[PDB]
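Take a look at this one chain, the form deposited in one PDB entry, written out in structure tokens.
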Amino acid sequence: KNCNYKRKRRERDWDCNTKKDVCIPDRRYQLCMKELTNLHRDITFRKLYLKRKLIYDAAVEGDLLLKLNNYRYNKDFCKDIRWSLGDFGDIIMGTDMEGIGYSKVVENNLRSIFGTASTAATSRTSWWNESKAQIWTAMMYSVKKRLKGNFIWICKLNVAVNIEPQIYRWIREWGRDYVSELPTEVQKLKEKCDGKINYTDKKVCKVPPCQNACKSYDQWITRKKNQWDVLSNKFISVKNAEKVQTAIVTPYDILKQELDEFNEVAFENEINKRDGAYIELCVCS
């Protein structure tokens, strides 16, 4: 059904339990791969066949993402295009980090086509780099259909096709989720735990629904911290898999680039529950 409609963003939080070395976004789980899953001639013909199947899945993915975006054509939509396109790329290149269920089937199908010799990985990257512009076009079809020649400037093609390791992109995506969730969770804390100027005891000291709001906030921030540690640890593993090391980029550098107002110290305080706002609202001491 993931090729029929998308869950609301953040309806399901990042999943770190299924594959323990990485946290997987719901968007990735829902990536449309129907045609890719449902995959004799020369290998050249079969690659051509693959392209067309990838175009179909990409077109559907872009259509459902736009519907999820309620046809707004805003930054959220363009990010989703970039994330999903990127994931398609990693699937094609064989560097996707999910590799469960039908993703495993898809990887088997691609290996039937490209083989598994020592040149396979390179030729798979070559095929993607040669094809990715058309896949973006396929993903943007639903936009082209409604906006015609003006679809070109809704989202940036170049940004979308520029190759980046999957864990880089997922950290960007995760960060955008975090900054969307944070004020929302702080709202709930404030509403239940906010105090008048002349209070004597914090509400959290003895007021049950404030305590339960703090408990619930604790559960959320504990997930966020867990997710950040897992993704950060995966960032290190993926980096160390690179034969040559770039002499340094950290996950915070990525967050700093993706996010508007990022502040590493503030961020680290929040996920460790030692920020001023949390302490004010949830620590009775």
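Between two forms, the rigid core is the largest collection of C-alphas that superpose within 1.5 Å. Numbering starts at 1 and follows the sequence shown. Residues that one form lacks are left out of the comparison.
Another form, the form deposited with a partner chain bound, is not on view; read the next lines as being about it.
Trainee: Within 4.5 Å of its partner chain in the deposited complex, counting heavy atoms only, one of 168 to 176, 96 to 104, 204 to 212, 137 to 145 shows up; tell me which.
Mentor: That would be 137 to 145.
Trainee: Can you confirm whether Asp42, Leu48 and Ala59, the three residues that make up this candidate site, all sit within 4.5 Å of its partner chain in the deposited complex, judged by heavy atoms?
Mentor: Every residue of the spot touches its partner chain in the deposited complex.
Trainee: Wondering, does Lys67 line up within 4.5 Å of its partner chain in the deposited complex on heavy atoms?
Mentor: Result yes; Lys67 sits at the interface with its partner chain in the deposited complex.
Trainee: Does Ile221 reach its partner chain in the deposited complex if we count a contact as any heavy atom within 4.5 Å?
Mentor: Although its partner chain is absent here, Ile221 would stay clear of it in the deposited complex, with no heavy atoms inside 4.5 Å.
Trainee: Any of the heavy atoms of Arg52 lying within 4.5 Å of its partner chain in the deposited complex?
Mentor: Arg52: contacts its partner chain in the deposited complex.
Trainee: Superpose on the rigid core, then tell me if the C-alpha of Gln187 is displaced by 2 angstroms or more between the shown form and the other one.
Mentor: The answer is no; the displacement is under 2 Å.
Trainee: Taking 2 Å as the cut-off, check whether the CA of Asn108 shifts that much or more between the shown form and the other one after a rigid core fit.
Mentor: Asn108 C-alpha, core-superposed: shift of less than 2 Å.
Trainee: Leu189 and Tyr199: their C-alpha distance differs by 3 angstroms or more in the deposited complex. Do they come closer or move farther apart compared with the shown form?
Mentor: Farther apart in the deposited complex, by 3 Å or more.
Trainee: As a test: superpose on the rigid core, then list the runs of at least 3 residues whose Cα atoms all move 2 angstroms or more between the shown form and the other one.
Mentor: Residues 43 to 47, 196 to 200, 245 to 247 form the runs that move by 2 Å or more between the shown form and the other one.
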